[PDB]
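Enquirer: Please find target_1.txt (compact mmCIF, C-alpha atoms) on the next line:
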```txt
# COMPACT_ATOMS: atom_id res chain seq x y z
CA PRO J 20 -10.09 -10.87 14.24
CA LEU J 21 -6.34 -11.44 14.34
CA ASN J 22 -4.62 -11.57 17.70
CA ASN J 23 -0.98 -10.97 16.87
CA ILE J 24 1.71 -10.43 14.27
CA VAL J 25 4.47 -12.94 13.49
CA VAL J 26 7.27 -11.51 11.37
CA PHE J 27 10.04 -13.27 9.46
CA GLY J 28 12.75 -11.02 8.10
CA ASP J 29 16.18 -9.48 8.34
CA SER J 30 17.80 -6.26 9.59
CA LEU J 31 14.88 -4.24 8.18
CA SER J 32 12.50 -5.92 10.68
CA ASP J 33 14.66 -7.06 13.63
CA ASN J 34 13.45 -5.52 16.91
CA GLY J 35 16.54 -6.43 18.94
CA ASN J 36 17.11 -10.16 18.47
CA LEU J 37 20.65 -10.00 17.08
CA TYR J 38 21.53 -7.32 19.63
CA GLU J 39 20.57 -9.59 22.52
CA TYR J 40 22.63 -12.50 21.19
CA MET J 41 25.54 -10.10 20.60
CA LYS J 42 25.50 -9.06 24.31
CA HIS J 43 24.47 -5.56 23.18
CA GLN J 44 27.74 -5.12 21.25
CA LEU J 45 26.22 -5.04 17.73
CA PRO J 46 24.55 -2.94 16.44
CA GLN J 47 26.39 -0.54 18.81
CA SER J 48 23.62 1.39 20.58
CA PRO J 49 24.08 4.35 20.50
CA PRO J 50 24.35 5.31 17.77
CA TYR J 51 21.82 2.64 16.73
CA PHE J 52 18.55 2.60 18.70
CA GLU J 53 18.43 -0.18 21.33
CA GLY J 54 19.69 -2.84 18.95
CA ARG J 55 17.49 -1.99 15.95
CA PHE J 56 19.30 -1.43 12.64
CA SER J 57 18.09 2.16 12.65
CA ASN J 58 17.90 5.17 14.97
CA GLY J 59 14.33 4.40 16.05
CA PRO J 60 11.80 1.56 16.28
CA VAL J 61 11.43 -0.40 13.08
CA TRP J 62 8.34 -0.43 10.88
CA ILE J 63 6.82 -3.68 12.19
CA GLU J 64 7.02 -2.55 15.83
CA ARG J 65 5.19 0.66 14.98
CA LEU J 66 2.59 -1.29 13.04
CA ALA J 67 2.03 -3.57 16.02
CA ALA J 68 1.76 -0.51 18.27
CA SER J 69 -0.85 1.08 15.99
CA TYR J 70 -3.16 -1.87 16.69
CA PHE J 71 -2.15 -2.57 20.31
CA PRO J 72 -0.99 0.73 21.80
CA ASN J 73 -0.90 -0.35 25.45
CA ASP J 74 1.19 -3.56 25.19
CA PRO J 75 2.22 -4.04 21.55
CA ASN J 76 5.10 -6.38 22.28
CA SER J 77 2.79 -9.05 23.71
CA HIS J 78 1.18 -9.12 20.21
CA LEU J 79 4.40 -9.17 18.16
CA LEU J 80 6.54 -12.28 17.68
CA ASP J 81 9.52 -10.91 15.73
CA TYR J 82 11.75 -13.74 14.52
CA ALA J 83 13.81 -11.48 12.24
CA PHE J 84 17.58 -11.42 12.78
CA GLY J 85 19.92 -8.82 11.36
CA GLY J 86 21.89 -10.52 8.58
CA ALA J 87 19.18 -13.08 7.89
CA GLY J 88 18.34 -14.18 4.39
CA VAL J 89 17.46 -17.11 2.19
CA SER J 90 19.97 -19.92 2.27
CA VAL J 91 22.29 -19.40 -0.69
CA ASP J 92 25.33 -21.65 -0.22
CA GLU J 93 27.65 -19.02 -1.73
CA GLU J 94 26.75 -16.62 1.12
CA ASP J 95 27.17 -18.99 4.09
CA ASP J 96 29.34 -16.54 6.04
CA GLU J 97 27.17 -13.66 4.74
CA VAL J 98 23.77 -14.98 5.90
CA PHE J 99 23.56 -15.00 9.69
CA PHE J 100 20.34 -17.06 9.88
CA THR J 101 17.90 -18.38 7.31
CA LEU J 102 14.23 -17.70 6.68
CA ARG J 103 13.70 -21.45 6.93
CA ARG J 104 15.21 -21.51 10.43
CA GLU J 105 13.10 -18.52 11.50
CA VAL J 106 9.95 -20.37 10.41
CA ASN J 107 11.15 -23.59 12.07
CA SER J 108 11.80 -21.66 15.29
CA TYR J 109 8.21 -20.38 15.28
CA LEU J 110 6.91 -23.87 14.50
CA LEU J 111 9.06 -25.54 17.17
CA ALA J 112 7.52 -23.32 19.89
CA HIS J 113 3.94 -23.71 18.57
CA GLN J 114 3.83 -27.55 18.38
CA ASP J 115 4.34 -27.38 14.60
CA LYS J 116 1.09 -25.45 14.03
CA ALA J 117 0.74 -22.02 12.42
CA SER J 118 -2.01 -20.18 14.27
CA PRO J 119 -4.99 -19.15 12.09
CA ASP J 120 -5.45 -15.89 14.04
CA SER J 121 -1.92 -14.57 13.43
CA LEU J 122 -0.83 -12.28 10.61
CA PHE J 123 2.36 -13.85 9.25
CA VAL J 124 4.68 -11.29 7.68
CA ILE J 125 7.55 -12.13 5.34
CA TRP J 126 10.09 -9.45 4.29
CA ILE J 127 13.25 -11.19 3.12
CA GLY J 128 15.89 -10.92 0.42
CA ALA J 129 17.59 -7.58 0.95
CA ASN J 130 20.51 -9.10 2.91
CA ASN J 131 21.17 -11.63 0.15
CA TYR J 132 21.52 -9.05 -2.61
CA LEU J 133 23.33 -6.40 -0.56
CA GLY J 134 26.05 -8.94 0.11
CA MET J 135 26.82 -8.49 -3.60
CA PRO J 136 27.15 -12.18 -4.52
CA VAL J 137 29.01 -13.24 -7.64
CA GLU J 138 26.34 -15.52 -9.16
CA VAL J 139 23.47 -13.19 -9.96
CA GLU J 140 20.89 -15.51 -11.53
CA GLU J 141 21.39 -18.35 -9.07
CA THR J 142 20.97 -15.95 -6.13
CA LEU J 143 17.73 -14.56 -7.59
CA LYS J 144 16.48 -18.10 -8.16
CA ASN J 145 17.28 -19.42 -4.71
CA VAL J 146 15.91 -16.40 -2.86
CA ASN J 147 12.58 -16.79 -4.73
CA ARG J 148 12.58 -20.53 -4.12
CA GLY J 149 13.28 -20.08 -0.42
CA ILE J 150 10.42 -17.60 -0.02
CA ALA J 151 8.03 -19.87 -1.93
CA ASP J 152 9.03 -22.81 0.23
CA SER J 153 8.44 -20.94 3.49
CA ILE J 154 5.06 -19.74 2.26
CA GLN J 155 4.08 -23.30 1.31
CA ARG J 156 5.18 -24.55 4.74
CA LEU J 157 3.18 -21.92 6.61
CA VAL J 158 0.09 -22.82 4.56
CA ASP J 159 0.72 -26.52 5.16
CA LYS J 160 0.96 -25.93 8.92
CA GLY J 161 -2.31 -23.97 9.00
CA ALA J 162 -1.56 -20.29 8.33
CA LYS J 163 -4.62 -18.32 7.18
CA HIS J 164 -3.25 -14.76 6.82
CA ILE J 165 0.04 -13.96 5.09
CA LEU J 166 1.56 -10.59 4.16
CA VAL J 167 4.46 -10.64 1.69
CA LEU J 168 6.57 -7.51 1.11
CA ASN J 169 8.82 -6.97 -1.92
CA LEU J 170 12.06 -4.98 -2.05
CA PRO J 171 12.87 -1.30 -2.45
CA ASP J 172 15.30 -0.35 -5.20
CA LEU J 173 18.56 -1.39 -3.52
CA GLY J 174 20.39 0.69 -6.15
CA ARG J 175 19.38 3.71 -4.08
CA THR J 176 21.38 2.57 -1.04
CA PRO J 177 24.50 4.59 -0.22
CA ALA J 178 26.32 1.23 -0.39
CA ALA J 179 25.48 0.80 -4.09
CA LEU J 180 26.53 4.38 -4.82
CA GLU J 181 29.86 4.16 -2.99
CA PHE J 182 30.81 0.70 -4.30
CA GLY J 183 29.60 1.45 -7.84
CA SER J 184 26.98 -1.29 -7.98
CA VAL J 185 23.84 0.74 -8.69
CA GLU J 186 22.98 -1.20 -11.86
CA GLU J 187 23.50 -4.58 -10.21
CA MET J 188 21.52 -3.73 -7.08
CA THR J 189 18.64 -2.29 -9.10
CA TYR J 190 18.73 -5.40 -11.30
CA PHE J 191 18.48 -7.67 -8.24
CA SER J 192 15.60 -5.60 -6.86
CA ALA J 193 13.55 -5.49 -10.05
CA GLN J 194 14.07 -9.14 -11.00
CA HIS J 195 13.39 -10.23 -7.43
CA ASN J 196 10.17 -8.21 -7.33
CA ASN J 197 8.96 -9.60 -10.65
CA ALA J 198 9.53 -13.19 -9.52
CA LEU J 199 7.94 -12.56 -6.13
CA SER J 200 4.79 -11.12 -7.69
CA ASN J 201 4.48 -14.26 -9.83
CA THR J 202 4.86 -16.30 -6.64
CA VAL J 203 2.18 -14.44 -4.70
CA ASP J 204 -0.12 -14.61 -7.74
CA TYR J 205 0.27 -18.38 -7.75
CA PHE J 206 -0.54 -18.84 -4.06
CA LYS J 207 -3.51 -16.48 -4.41
CA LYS J 208 -4.98 -18.89 -6.97
CA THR J 209 -3.92 -22.17 -5.35
CA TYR J 210 -5.07 -21.19 -1.84
CA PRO J 211 -8.04 -18.80 -2.07
CA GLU J 212 -9.03 -19.74 1.50
CA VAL J 213 -5.87 -17.98 2.75
CA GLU J 214 -5.92 -14.20 3.10
CA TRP J 215 -3.08 -13.02 0.84
CA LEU J 216 -1.73 -9.51 1.46
CA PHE J 217 1.01 -7.80 -0.52
CA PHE J 218 2.97 -4.60 0.03
CA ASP J 219 4.72 -3.17 -3.02
CA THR J 220 7.67 -1.67 -1.16
CA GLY J 221 9.34 -1.06 -4.50
CA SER J 222 6.62 1.30 -5.69
CA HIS J 223 6.11 3.00 -2.33
CA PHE J 224 9.86 3.62 -1.84
CA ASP J 225 10.17 5.10 -5.33
CA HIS J 226 7.22 7.37 -4.60
CA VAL J 227 8.82 8.57 -1.35
CA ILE J 228 12.17 9.19 -3.08
CA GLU J 229 10.43 11.19 -5.81
CA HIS J 230 8.76 13.33 -3.12
CA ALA J 231 11.44 13.02 -0.50
CA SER J 232 11.27 16.60 0.80
CA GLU J 233 7.49 16.33 1.17
CA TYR J 234 7.95 13.23 3.33
CA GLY J 235 10.50 15.16 5.42
CA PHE J 236 13.85 14.03 4.00
CA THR J 237 16.56 16.55 3.12
CA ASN J 238 19.33 14.05 2.27
CA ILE J 239 18.79 10.77 0.39
CA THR J 240 22.40 9.88 -0.50
CA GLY J 241 24.41 10.39 2.71
CA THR J 242 24.45 8.45 5.96
CA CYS J 243 23.74 9.52 9.55
CA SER J 244 26.30 7.09 10.94
CA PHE J 245 29.72 6.65 9.41
CA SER J 246 31.37 3.38 8.49
CA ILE J 247 34.65 2.29 6.93
CA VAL J 248 34.70 -0.94 4.91
CA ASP J 249 36.91 -2.61 2.29
CA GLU J 250 36.21 -5.36 -0.26
CA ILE J 251 36.64 -8.30 2.14
CA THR J 252 34.75 -6.54 4.94
CA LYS J 253 32.09 -4.99 2.69
CA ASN J 254 30.86 -8.46 1.78
CA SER J 255 27.93 -8.32 4.23
CA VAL J 256 25.34 -6.11 5.90
CA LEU J 257 26.60 -7.14 9.34
CA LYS J 258 30.24 -6.35 8.58
CA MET J 259 29.14 -2.91 7.37
CA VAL J 260 27.25 -2.41 10.65
CA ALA J 261 30.18 -3.64 12.76
CA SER J 262 32.42 -1.09 11.03
CA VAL J 263 30.39 1.89 12.21
CA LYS J 264 32.57 4.39 14.08
CA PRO J 265 30.22 5.74 16.76
CA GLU J 266 32.18 8.88 17.52
CA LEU J 267 31.58 10.02 13.93
CA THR J 268 27.78 9.73 13.94
CA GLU J 269 26.01 12.95 13.04
CA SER J 270 24.12 14.30 16.02
CA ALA J 271 21.24 15.76 13.95
CA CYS J 272 19.82 13.22 11.51
CA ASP J 273 16.12 14.10 11.40
CA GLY J 274 16.30 14.65 7.62
CA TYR J 275 18.36 11.68 6.48
CA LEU J 276 16.79 8.82 4.57
CA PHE J 277 19.66 6.45 5.42
CA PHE J 278 21.09 5.78 8.85
CA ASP J 279 23.98 3.68 7.52
CA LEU J 280 25.13 2.39 4.14
CA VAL J 281 21.96 0.30 3.64
CA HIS J 282 19.47 0.92 6.52
CA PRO J 283 16.79 3.60 6.53
CA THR J 284 16.24 6.01 9.39
CA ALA J 285 13.42 6.05 11.95
CA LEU J 286 11.25 8.40 9.89
CA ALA J 287 11.41 6.01 6.93
CA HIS J 288 10.34 3.14 9.20
CA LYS J 289 7.47 5.32 10.42
CA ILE J 290 6.31 6.05 6.86
CA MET J 291 6.60 2.35 5.99
CA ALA J 292 4.46 1.44 9.00
CA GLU J 293 1.83 4.08 8.19
CA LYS J 294 1.49 2.94 4.57
CA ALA J 295 1.34 -0.71 5.64
CA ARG J 296 -1.39 0.08 8.18
CA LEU J 297 -3.42 1.89 5.51
CA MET J 298 -3.05 -1.04 3.11
CA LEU J 299 -4.25 -3.44 5.80
CA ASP J 300 -7.14 -1.13 6.70
CA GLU J 301 -8.09 -0.99 3.01
CA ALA J 302 -8.11 -4.80 2.99
CA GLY J 303 -10.39 -4.84 6.05
CA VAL J 304 -7.89 -6.56 8.35
CA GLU J 305 -8.94 -6.32 11.99
CA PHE J 306 -7.03 -6.95 15.21
CA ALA J 307 -8.51 -7.38 18.69
CA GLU J 308 -7.65 -8.13 22.34
```
Take the structure from the file and write it as structure tokens.

Expert:
Amino acid sequence: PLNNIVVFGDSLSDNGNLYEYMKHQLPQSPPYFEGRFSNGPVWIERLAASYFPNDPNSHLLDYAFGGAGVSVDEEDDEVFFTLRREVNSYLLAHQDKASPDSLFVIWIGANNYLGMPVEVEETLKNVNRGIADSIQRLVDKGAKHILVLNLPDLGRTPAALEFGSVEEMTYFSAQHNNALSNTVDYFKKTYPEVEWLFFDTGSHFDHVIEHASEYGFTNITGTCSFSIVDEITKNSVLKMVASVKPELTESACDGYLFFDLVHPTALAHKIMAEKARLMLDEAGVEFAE
């Protein structure tokens, strides 16, 4: 049985790391929830708690930073931290060994595309390459269980709607997901001794959207919080978060899909966690201790 969860990711998975480094000044909390890029715990925390209800945090090593992504030189000031450095950080503290009883979780890419870079094909290429490289490294250092998550349709974000980039954000999402599936297929065949797990966020998010009211959402285009960004400032997820005006947050957001211009609300993180748990249960994954 697996003994803990190690997650590499970005603002969709960060459980407070950027907030601590920012001296609790970003994401401003309230209206964000204790440094998460949402108004509640994020999906991977809830997933950890579903297996370890008493002390989940002692079984969760969350290396995700808000603003993190795959190194793409064009986005140096737009990527806060790289996937490679998150993996290296884990390896540095574990004497360069990936534990065989950890579930490694990789959910990366959204921050790269939502920064709306100018070179579309090179960004797609380097994000895929960076993910493949980090997977290979984890395998090389001994990982035996790896969960890879693909992207929701970023063309559904309020950001894409406001800035007029729906087609481009959907293109990034779809092309990214196609490449990532080819990647996971490869590793499945090259390393059958590793337990390969995949979550098709793209398909699950589209199914939620199509049944939004049944999942509890009454508003899928607006934002709970309110931000004000221009072209220069709107170049990054973190600048969009720093531009939130807390006094203009809605008080009653229980029906919103989006908390800010790109980040989903607590309920969405809950649904994500529930569907991920069911997928892992279907695969027979067990945790203990």

Enquirer: Would you work out the distance separating CA of residue 107 in chain J from CA of residue 87 in chain J, expressed in Å to one decimal?

Expert: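 Spanning CA of residue 107 in chain J to CA of residue 87 in chain J is a straight-line distance of 13.9 Å.
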
Enquirer: Quick one: distance from CA of residue 174 in chain J to CA of residue 187 in chain J in Å, one decimal?

Expert: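 Straight-line distance from CA of residue 174 in chain J to CA of residue 187 in chain J works out to 7.3 Å.
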
Enquirer: Within 9 Å of range 42-59 of chain J, counting only C-alpha atoms, which residues qualify if same-chain residues fewer than 6 places away don't, as a PyMOL selection string?

Expert: chain J and resi 30-36+85+244+257+260-261+263+265-266+268+272+277-279+282-286+288-289

Enquirer: Using Å and a single decimal, report how far CA of residue 164 in chain J sits from CA of residue 115 in chain J.

Expert: 16.7 Å

Enquirer: Write out as a VMD selection string the residues lying within 12 Å of residue 131 in chain J, counting all atoms listed in the file and excluding same-chain residues fewer than 5 positions away.

Expert: chain J and resid 28 to 30 85 to 102 136 to 139 141 to 147 149 170 173 188 191 to 192 195 254 to 257

Enquirer: List the spatial neighbours of range 209-220 of chain J as a list in words - criterion: any atom at most 9 Å away, all atoms listed in the file, same-chain residues fewer than 4 positions off excluded.

Expert: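 Contacts, with the query itself left out: residues 158, 162, 163, 164, 165, 166, 167, 168, 169, 170, 171, 172, 196, 200, 203, 204, 205, 224, 225, 291, 294, 295, 298, 299 and 302 of chain J.
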
Enquirer: Contacts of residue 238 in chain J at 9 Å or less, counting only C-alpha atoms, minus same-chain residues fewer than 6 places along, as an MDAnalysis selection string?

Expert: chainID J and resid 231:232 274:277

Enquirer: Excluding range 306-308 of chain J and residues on its chain fewer than 2 positions from it, collect all residues at most 6 Å away from it, counting all atoms listed in the file, and give them as a PyMOL selection string.

Expert: chain J and resi 20-22

Enquirer: With distances taken over only C-alpha atoms, which of J:65, J:70, J:242, J:159 is nearest to residue 180 in chain J?

Expert: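 For residue 180 in chain J, the nearest of the candidates is J:242.
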
Enquirer: For residue 280 in chain J, which residue among J:221, J:178, J:297, J:262 is the nearest when counting all atoms listed in the file?

Expert: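 Looking at the shortest contact to residue 280 in chain J, the residue is J:178.
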
Enquirer: From the list J:73, J:292, J:184, J:122, which residue is nearest residue 304 in chain J when using only C-alpha atoms?

Expert: J:122
